[PDB]
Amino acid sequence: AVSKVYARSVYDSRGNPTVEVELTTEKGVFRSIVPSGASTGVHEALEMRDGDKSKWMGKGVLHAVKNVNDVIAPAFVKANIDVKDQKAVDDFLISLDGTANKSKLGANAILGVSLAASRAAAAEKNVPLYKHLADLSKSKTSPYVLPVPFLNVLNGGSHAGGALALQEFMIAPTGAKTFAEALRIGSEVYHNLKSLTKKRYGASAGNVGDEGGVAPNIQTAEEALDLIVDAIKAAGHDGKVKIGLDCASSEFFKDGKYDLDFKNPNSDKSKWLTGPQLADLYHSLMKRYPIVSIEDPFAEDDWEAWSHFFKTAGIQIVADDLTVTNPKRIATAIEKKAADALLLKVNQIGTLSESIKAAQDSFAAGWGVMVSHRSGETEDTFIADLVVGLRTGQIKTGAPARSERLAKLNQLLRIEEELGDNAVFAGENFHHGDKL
């Protein structure tokens, strides 16, 4: 029984204010913190900011916070809802906002309540969060599946200063036998990468991006990939580690063309690429490097481009800004055969229930599901329990550096240990972890 709902302003991993919510019950106080992206898709739910340039550079969230305290709270408490009933909770919240993109109260106002409720519910059932989560989603729990982590060891695009267009370059230790081993191999590659990087491009190149990866000032994907393969090799893990990319192409799409030098204000329009051209580029990288997954190869509404590449790709193709964890967007994606994996971001849609549906819809279509954090994270470890609850077999929560990332990775170590013989690591079958 909820006796209280309260919100406050806290800081994210980038030093920007964010919403933190606290829910009180007979069982105790439950907390949750909302994340925040940088390369946020146009179709994402509304993230409300104060816009006051005299405070936090106009990035405060007093309004959103106010909505929780002044509007949401009173009613919620009055409603007397069963926290164990996620759908109920969410329905209430959505009903309260009334808009399609949560423009009334704001997604960051709603999310926090939604997430806090699930925590309170788990306490009530006297079960671990990932367990309640599996319950909510009707996932198979025998056994549970530990996912393969996709570590963004090299940052580009909007996550770091430099010429690199592509946003994330990740390593996936699909060759590990357990979650612990995977993370060990992952950090080993990471340390080698930092050394090489400094060695090949100067000390400064070893400084890090928003997500904790090294951020060398290079201009081609080839140079980034060469470093990674050399690092994997130097670490002694060749063949056990694969690569995944996050192109975040919408960030550089302009006038129906893709600008690979978009970070340069004086970019050369003649160099801009067409969908098909960009597809040729991707293909070149695929043939040369052990890439097993590409995210956002084409812009958020460039449907034809995704569908075209999809038929020749032959590897996991993840939709991020294209789907925005929105069941309706996914249906279209599914119809157009544009991708084969969903990038799940609680904050793109705004409610847990809606996110769980997105996952269920994807899995129903034979798609894969990759749970993810946002570039602006917090000490909150929700997603760790989530990926296990949903049995996706794959997560992306950063490089093995910067605590907003390790918190989730460490959390996964604790769960694996707890589960013992009741869990298996996804390994090479990460694409369809849910079916393991």
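Residue positions are given as counts along the sequence shown, with the first one as 1.
Undergrad: Taking the recorded C-alpha temperature factors, which stretch has the higher mean, 277 to 285 or 343 to 351?
TA: For C-alpha atoms only, the mean B-factor is higher in 277 to 285.
Undergrad: Tell me which stretch has the larger mean Cα B-factor in this entry, 267 to 275 or 299 to 307.
TA: 267 to 275 has the higher mean C-alpha B-factor.
Undergrad: From the list 329, 104, 337, 159, select the residue with the highest C-alpha B factor recorded in the entry.
TA: When the deposited C-alpha B-factors of 329, 104, 337, 159 are compared, 104 is largest.
Undergrad: Out of 210, 321, 361, 255, whose C-alpha atom has the biggest B factor in the entry?
TA: It is 255.
Undergrad: Lowest, middle or highest third: where is residue 427 by C-alpha B factor in its chain?
TA: Lowest third of the chain for residue 427's C-alpha B-factor.
Undergrad: Can you work out whether the C-alpha temperature factor of residue 97 puts it in the lowest, middle or highest third of the chain?
TA: Answer is highest: the recorded C-alpha B-factor places it there.
Undergrad: Against its chain's modelled residues, does residue 196's Cα B factor rank lowest, middle or highest third?
TA: Its C-alpha B-factor, which the entry lists for residue 196, ranks in the middle third among residues of this chain.
Undergrad: Would you check the entry's CA temperature factor for residue 171 and let me know if it's in the chain's lowest, middle or highest third?
TA: It belongs to the lowest third of the chain when residues are ordered by C-alpha B-factor.
Undergrad: Just say lowest, middle or highest third for the CA B-factor of residue 206 relative to the other modelled residues in its chain.
TA: Lowest third.
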